[PDB]
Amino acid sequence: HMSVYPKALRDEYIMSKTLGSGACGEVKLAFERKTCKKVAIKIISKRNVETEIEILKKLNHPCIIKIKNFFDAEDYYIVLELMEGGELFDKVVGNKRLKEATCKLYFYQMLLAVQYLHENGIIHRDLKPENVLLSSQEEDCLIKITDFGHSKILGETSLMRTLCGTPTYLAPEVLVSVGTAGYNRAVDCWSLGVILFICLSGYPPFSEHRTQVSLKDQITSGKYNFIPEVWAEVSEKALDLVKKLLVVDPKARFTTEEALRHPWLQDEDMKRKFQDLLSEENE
């Protein structure tokens, strides 16, 4: 190497192997000396994180990753609970795929995580299979949402202040924007729709392989790639929900509440399995 870990980190943790990486951070296995138990440590280079640490510290939901510690050294170190089943992405690449029952169980948890975010005024903005971690290598497991590097605290207070004028001077485009203000969170429901599409079908709804119509043009028209042969194996209920999340109008798009009330999620077997997994954890 060309470096060492900072002394404050080394004091409390024994660092181990790489668990994963992305465009922002590399994630390492470590052992916490005090408990002798495993953690994950995300390393972020300095070349904000303040806001990501702040958001993470105040969130408390079983389907959202918890922060355990933080170092502000030559790099940033974020100590996290360890997720031993890896990424959701690993379960859906090779155009391969989950059974509908486990898509439902995993998705139900995603909806709850995201619902809880939106209730607390947070938008994730980067929901993707690589940012959904599994608890164990067992198929029926708890998932957690991770990677809050792009997330925002919800607001519109700037618009609300503008509107307390004095419109004599106010530009028309500011007044036009009032029609959709406060629907930022809907980008998360779109992302959820895409993740749900992928989990059910094994393939992405919008993609450059095939087509000729630009990826952009496919997304703004909402003309996802439907392959009947692949969807025949999936219930009508599951597809109906995908359709309601992949609506181009963000005001007409399903919210996490409307998705949780969708017929697909009225599944007592799935919900009982979720509560079962929760109680196991909490010992």
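Numbering starts at 1 and runs along the sequence shown. Whichever C-alpha set is largest while still superposing within 1.5 Å between the two forms counts as the rigid core.
When the other structures are laid on the shown form by the core, the C-alphas of 79-87 and 162-170 differ in how far they drift in 9 other deposited structures of this protein; the larger average drift belongs to 162-170. Superposing each structure in 9 other deposited structures of this protein on the rigid core shows that the farther-lying of 48-56 and 235-243, by root-mean-square Cα distance, is 48-56. For the cut-off of one third of the other compared entries, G155 qualifies: that many or more give it no coordinates while modelling its flanks. The records show that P263 is included in the coordinate set of every other eligible entry of this protein, so it is not omitted in a third of them. Per the record, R47 and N48 are separated by 10 or more deposited residues that have no coordinates.
104-112 and 208-216 differ in mean CA B-factor, and the higher of the two is recorded for 208-216. When all modelled residues of the chain are sorted by CA temperature factor, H262 is found within the lowest third. Per-chain ranking of the deposited C-alpha B factor places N131 in the lowest third.
Among the modelled residues of its chain, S191 has a C-alpha B-factor that falls in the middle third, as given in the PDB entry.
Among all modelled residues in this chain, the alpha-carbon of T51 has a temperature factor (C-alpha) in the highest third. Looking at the C-alpha B-factors along this chain, the one for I67 belongs to the middle third.
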